[PDB]
Asks: 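Please find one structure pasted underneath; my questions will follow.
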Amino acid sequence: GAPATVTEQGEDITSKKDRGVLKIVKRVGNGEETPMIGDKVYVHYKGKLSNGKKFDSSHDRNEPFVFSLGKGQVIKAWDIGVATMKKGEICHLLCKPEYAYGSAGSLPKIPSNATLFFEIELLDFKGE
């Protein structure tokens, strides 16, 4: 399924080249520009564990997830991954634990040492 495919066929987008964050572009976005550091980004997402269980989805809330890019407001894999996206893009992101919740996890749903799968849609980005 999709998690296996991004694991086996995804692009390493880390600057360290450690395969900690893998990406596949699923829907091509608009033009060329990607957000810049500090922009207010609006996304929809769904996340799953490696046991197949969905842990969260913004679609279920009828509102986007909003954060300031490149400021450590989200897990490392998201700062890295969302920075590569075009407006309107949908991607799949595989996040090894060192770029996610590490040994701590996120209690109760995300266990220790968890590799995470996300589908992410970049809705919009704005400077303030």
Side-chain angles (χ1 to χ4, degrees):
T5 295
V6 64
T7 301
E8 298 166 345
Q9 311 297 334
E11 180 187 335
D12 184 1
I13 60 166
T14 66
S15 61
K16 192 163 174 192
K17 309 298 190 174
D18 61 16
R19 291 181 63 86
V21 186
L22 303 178
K23 183 187 177 196
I24 292 175
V25 177
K26 297 292 293 184
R27 180 176 80 199
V28 175
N30 311 323
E32 293 175 44
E33 194 179 5
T34 61
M36 68 173 287
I37 180 169
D39 281 351
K40 178 179 192 187
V41 299
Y42 296 73
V43 305
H44 266 310
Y45 70 92
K46 46 186 54 93
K48 285 184 161 175
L49 299 182
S50 57
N51 67 9
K53 285 204 137 83
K54 168 177 142 194
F55 61 83
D56 204 71
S57 171
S58 60
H59 300 277
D60 293 344
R61 292 190 292 269
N62 300 119
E63 59 179 45
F65 183 87
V66 181
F67 70 104
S68 295
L69 183 66
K71 300 295 167 174
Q73 297 182 0
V74 293
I75 56 167
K76 292 170 174 191
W78 269 56
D79 270 338
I80 295 161
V82 174
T84 73
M85 297 183 72
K86 295 170 176 76
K87 187 171 171 183
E89 181 177 314
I90 302 173
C91 81
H92 288 175
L93 207 63
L94 190 80
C95 312
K96 300 305 290 175
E98 297 82 6
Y99 291 86
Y101 295 95
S103 50
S106 187
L107 280 43
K109 292 186 177 188
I110 299 177
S112 187
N113 302 330
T115 294
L116 308 181
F117 172 89
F118 289 92
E119 182 169 280
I120 303 171
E121 179 179 1
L122 180 55
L123 304 162
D124 205 4
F125 60 92
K126 300 295 180 220
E128 305 192 270

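Just so you know, residue 1 is the first one in the sequence shown, and it goes up from there. Computation of the quantities below employed the complete heavy-atom set of this structure, encompassing side-chain atoms and omitting hydrogens, waters and symmetry-equivalent molecules.
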Asks: Which pair of heavy atoms, one from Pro35 and one from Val41, lies closest together, and at what distance?
Replies: CB-CG1, 4.2 Å

Asks: To the nearest 0.5 Å, what is the distance between OG (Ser50) and CG (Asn113)?
Replies: 10.5 Å

Asks: Tell me whether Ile120 is reachable from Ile75 by hopping between hydrophobic residues (I, L, V, M, F, W, Y) whose side-chain heavy atoms are closer than 4.5 Å.
Replies: yes

Asks: Let me check something: do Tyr42 and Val74 share a hydrophobic cluster, defined by ILVMFWY side-chain heavy atoms less than 4.5 Å apart, either directly or through other members?
Replies: no

Asks: As an exercise, state the distance from CZ of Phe117 to OG1 of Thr7, rounded to the nearest 0.5 Å.
Replies: 8.5 Å

Asks: What residue among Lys86, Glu33, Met36 forms side-chain contact (heavy atoms from CB on, under 4.5 Å) with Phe125?
Replies: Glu33

Asks: Same hydrophobic cluster for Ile24 and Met85, using side-chain heavy-atom links shorter than 4.5 Å among ILVMFWY?
Replies: no

Asks: Could you check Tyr99 against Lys16 for side-chain contact (heavy atoms from CB on, under 4.5 Å), going step by step and ending with a plain yes or no?
Replies: CA-CA 12 Å; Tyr99 291 86; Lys16 192 163 174 192; 4.2 Å; yes

Asks: I need the minimum non-hydrogen distance between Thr115 and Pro97, along with the two atoms involved.
Replies: OG1-CD, 3.5 Å

Asks: With rounding to the nearest 0.5 angstrom, report the NZ to NZ distance, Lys71 to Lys40.
Replies: 15.5 Å

Asks: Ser103 versus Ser112: any side-chain heavy-atom pair under 4.5 Å?
Replies: yes

Asks: So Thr84 and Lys23, do their side chains get closer than 4.5 Å, heavy atoms only?
Replies: yes

Asks: Can you check whether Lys48 reaches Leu116 side chain to side chain, under 4.5 Å on heavy atoms?
Replies: no

Asks: Given the rule in the side-chain contact (heavy atoms from CB on, under 4.5 Å) test, do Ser68 and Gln73 qualify, once you have shown the distances and angles that lead to the verdict?
Replies: CA-CA 7 Å; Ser68 295; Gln73 297 182 0; 3.6 Å; yes

Asks: Taking a hydrophobic cluster as the set of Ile, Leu, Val, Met, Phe, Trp and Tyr residues connected by side-chain heavy atoms closer than 4.5 Å, whether directly or through intermediates, do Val21 and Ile110 fall within one such cluster?
Replies: yes

Asks: Hey, does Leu94 have a side-chain heavy atom less than 4.5 Å from the side chain of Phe118?
Replies: no

Asks: Start with the C-alpha gap between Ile90 and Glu119, add the side-chain angles, then the distance that decides, and say whether side-chain contact (heavy atoms from CB on, under 4.5 Å) holds.
Replies: CA-CA 7 Å; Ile90 302 173; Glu119 182 169 280; 3.8 Å; yes

Asks: Which word best sums up how the rings of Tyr45 and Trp78 line up, parallel for under 30°, tilted for 30 to 60°, or perpendicular for over 60°?
Replies: perpendicular

Asks: Under a 4.5 Å cut-off applied to non-hydrogen side-chain atoms, are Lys46 and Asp56 in contact?
Replies: no

Asks: Please report the interatomic distance NE2(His44) to OG(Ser57), rounded to the nearest 0.5 Å.
Replies: 8.0 Å

Asks: Going from CZ on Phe55 to NZ on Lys109, what distance comes out if it is rounded to the nearest 0.5 angstrom?
Replies: 9.0 Å

Asks: Do the side chains of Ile13 and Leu22 get nearer than 4.5 Å, heavy atoms only?
Replies: no

Asks: State, yes or no, whether a side-chain contact exists between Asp39 and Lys126 at a heavy-atom distance under 4.5 Å.
Replies: no

Asks: Passes salt bridge (charged side-chain N to carboxylate O under 4.0 Å, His left out), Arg27 versus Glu121? Steps please.
Replies: CA-CA 9 Å; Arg27 180 176 80 199; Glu121 179 179 1; 3.0 Å; yes

Asks: About how many Å separate CD of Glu11 and CZ of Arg19, when rounded to the nearest 0.5 Å?
Replies: 10.5 Å

Asks: Are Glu89 and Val82 packed together at the side-chain level, in the sense that at least one heavy-atom pair is separated by less than 4.5 angstrom?
Replies: no

Asks: Spell out, yes or no, whether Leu122 and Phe65 are grouped together once hydrophobic residues are joined by side-chain heavy atoms under 4.5 Å, including indirect joins.
Replies: yes

